[PDB]
Each structure stands twice: as structure tokens, then as C-alpha cells.
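Shown next are two forms of a single protein chain, provided one at a time as C-alpha cells under the names structure 1 and structure 2.
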Structure 1
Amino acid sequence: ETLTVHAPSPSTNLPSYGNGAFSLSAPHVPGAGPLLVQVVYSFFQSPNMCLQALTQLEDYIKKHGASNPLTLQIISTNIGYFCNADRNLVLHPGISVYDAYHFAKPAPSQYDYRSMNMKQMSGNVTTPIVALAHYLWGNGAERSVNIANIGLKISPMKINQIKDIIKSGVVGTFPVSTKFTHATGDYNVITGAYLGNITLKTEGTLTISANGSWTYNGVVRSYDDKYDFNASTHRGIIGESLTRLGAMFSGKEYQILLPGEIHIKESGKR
């Protein structure tokens, strides 16, 4: 019968992340000055800022109680901080996750989910927690992320181009047109967590040379129209955090849209 967490709103949001009691913390580096500024800037670009945040939420529940009102305030506020930052990243592309999280207007503690929530997610490291947001509070509404933002790394050796073990190469030219399943969770802990396994389509050329070396020059887009956000679809360590949290609190399954197209070129040797 699970617990409800109040959506982020000025009316209920705590004044700061962790209400002061805990914080996002970079790795330790000796020194002072602008050096330390770089350290926190790069830490907000790491997937570890997302894992730390989730872990610190999980840790606080264990220590204080899932139904403790303050815990419930903390889940809501903290997620909202992520929701606000991810909003800044969508509305100001190519800016730093740090500056997105810390942009003073609008105030991050004044984030209002009901009026501010967006279909579009950035695909940056903030997105997994925002994906949790939309489960908690989205009411099965549809979301979206561009495939150009999910940090795709293709390894043609895992596709249908692997049927080059036929040694036929060269050339040089081999037309490729295939659908394939791609496990983002295998290498990308951000994307794996909320998208997990996706189905992709690729058209392009495979260039194998006389000495076993090969290049695949092609285009990738989503094969399936949509993907389900539920516990069975989460992949990787962060996905596991999402699953444990989502079981504990009330929410609704939704679909995520994956539009757009990328260009890849990937080489190797037999």
C-alpha cells in the first residue's frame, strides 16, 4: 500500500539540499584556490553525483524512516533540485551541469513540479532522478529524450556486422541495414538506469580491409517508438537504486520517447 511523497513545490520544499544535514560531495583533492572549484565542477559532470544523491536518499530512509515526514520532505526536495537543474539544461543547452544545478533564477528550492515539469529530459547525469520524479508525480504522462543526448556508444562487433567472421573482407563496401538490441546498461550507468535495453536501427557501410581492420560508417536511430519506465526495465547499479526507491513509494509507469538520429563511425581489427 506504499507511501506518497509530496511533489516539489515552494509550499513544501526545504530551504537547501539534504536540509543542511547532508550534501553532494566531490572527491578529496589536496589544495585550495580555484583548483577546488574545478574539482566540484567536474564532479557534477560525473555519474557519481547522481549515484551519490540516490545513495544518500536510500541512506537517510534507513537511518530515519520511510514514513518520517522529514525524510519525505527530503526525497521531494532533493529530487526537485535535480528536476530544476535538468530543466536548466534543457532550456540552456551546452551549459555545465554545475551551473544548471546552481542557476539562481529560478531558485532551486522553489521548484514546482506541477507547473514546471517537462516532457523532455536532458539525458545528462541528472536524468535518472528526474525519471524517478515522473514515476512519483508524473501520473503516467509521456516523456522524451533525444538519442543524441543518451551517450550512445555502439560496438559493431555486437550487431549483424559480426557476420564478417566469414573473413570475406575486403572491401571496403558492405551495405548494412539491420535492427538490433542495444544494452546501454553494459557501459552507460546513466542511460542504462532508465532506458536500459533499447532497440535500434542502423543503415550504413562496413569497410573491411585486406588485413582484418574494419570501419563501420553509419547512422543510428531508435527502432521502437517508445520504452517503458518500470523496475523490470531498469539496468545497472543506479537502476537498482531506482527500483528499490520506486517499490517503496507510490507512482505510475510511463513511456519514454526516443526521437532523432546519430551518425557513427567505428573501427576495429579481425
Structure 2
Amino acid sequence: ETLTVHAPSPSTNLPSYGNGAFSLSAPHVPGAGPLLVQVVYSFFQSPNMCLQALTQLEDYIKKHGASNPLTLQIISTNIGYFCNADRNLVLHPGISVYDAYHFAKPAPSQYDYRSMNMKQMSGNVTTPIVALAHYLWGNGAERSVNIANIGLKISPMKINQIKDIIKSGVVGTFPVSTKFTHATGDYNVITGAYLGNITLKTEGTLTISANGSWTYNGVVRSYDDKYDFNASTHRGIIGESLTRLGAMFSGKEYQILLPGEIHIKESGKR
């Protein structure tokens, strides 16, 4: 049976991520000389910063035990840093992850889940740990992430209706209207962790030239209204970490809406 991690709050949080004993930063590269802020800044924008934070938690639980009260404080506190950074990304689209995580107000040591938690997630590299925060403390409340924020990369050759038109050898302009499964964890370790496989709808025009060059121009929206967050639906290496942690601690599954639409323009040659 699972242990309960208390929600982050100013009266319970540790004064620092990691109780100050470790921090989230770029990896040590022997022979590189001192680690400078440009390297850390780029690291914070990368998915590696999310895998690293989760690896730190799992390493800590293994060494010190999931039921050591300090382990539970480090989980509550560190995940609060991700929640605080993600709130700042939602409120300030356009800012870097390093700026949102380090220079936000209020201070991440003061993060209070009950009063501060947002229903919308940013879709940036902080999102998978925030999605875990909701399982631990959200009591089942529905969340959302806009589809424009999840880094979709659509491959029209992998969409049966479009693949069929291209392979048929036809030349001219053709309407497309189809649903298709899309495995975000085949290419996006962040989105794959909490949305995994999704189902999409696209409507558009496929133009194919006589030389076999083609362009697909179309709109993409989610087919399903929402997606379940549980141990089973996560995909990719960060999703595996989320699965191991959710097995250990109490929580409530919840659903994530995927509102919005994107416009895509993709090309290739037959």
C-alpha cells in the first residue's frame, strides 16, 4: 500500500529544493572546466531537466527510503518548484524555463498547492512533474493543456488516408478528412509522459505535383475530448519514472482536456 506525500505549502516546504543538499542543474562534464550559466540555461529548456529532477527523487527514495519523513518533504518541496515554474510559464508565455524556474514570484520555497494550483498546464518541459503533482494532490480534478502547446510533429505519410493518396500515384489536389492515432512518446519524451497515445482529427488539402512532390495543409484537433492520467497511459522514459513514483505514493487519477487546434504545413517527396 501507498504512502501519502503532503501537499506543498509554506508551512511544510523545506527552505530549498533538495533541502539544499542537491539542486537541479546541468550534468558534470569532466575536463570542461567550470559550469557556466549559458550551459545551465540551455539545460533548463531541454527535456533532460525534467528527467533529472525525477531521477533525483527516485535516487533519494532508494537511498533514504520512501517512508523517511525527509524523503516525503523533498518530494513535496521539489515538485512544488516545478508547479511554481509551470505557473509562471502559463502566465508569461514566451519566457525561458530557466527564468520561470529561478526568478518567479512568489519564491518556490513558498509554493502553496491548495491556493496556487492551476487547472491549465504549460506543455513545457516542467509539465510531467506538474501532472504528477495533480495525481498526488489534485483529488481527481480535471486539467487541460492546449494542443498548440504539446509540440506535435505530424507525419502525413503515417496517416493512412494521406499515405494512400500519395502512394496511389495520383497528381492534383485532394480533400483530406480523417482521424488517426498519434504516439507522442515516439518522438516527444515530455508530451509522451503524460498524454502518451492520443487520437487526432485532421481536415485539409493534399497537393501532389507530377514530380511526386507533395504538401499537406490542414487543421489538427484532438478527436477524444480528454485523456486519462494513470500509470498505464504514460509513455517514454519520463513516463516510466512517473509510473514507478505513482506506484509508491497515494493519489487519484484524473483526466486532461486537449482543447484547441493547430494549422500544419508538411511536405515530402514520393
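Each form is matched to the other, and the largest set of C-alpha atoms that superpose within 1.5 Å is called the rigid core. Every residue number counts along structure 1's sequence, beginning with 1.
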Which one of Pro106, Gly172, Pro175, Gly140, by Cα shift of 2 Å or more between the two structures, core superposed: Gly172
Taking the rigid core as the reference frame, is the Cα of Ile162 displaced by 2 Å or more between the two structures? yes
For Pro27, is the CA shift between the two structures at least 2 Å following rigid-core superposition? yes
Can you give the C-alpha shift of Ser115 between the two structures in Å, rounded to one decimal, after superposing the rigid core? 0.6
Core overlaid, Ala210 C-alpha shift between the two structures, how many Å? 1.4
Fitting the two forms on their rigid core, what distance in Å separates the Cα positions of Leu36 between the two structures? 2.1
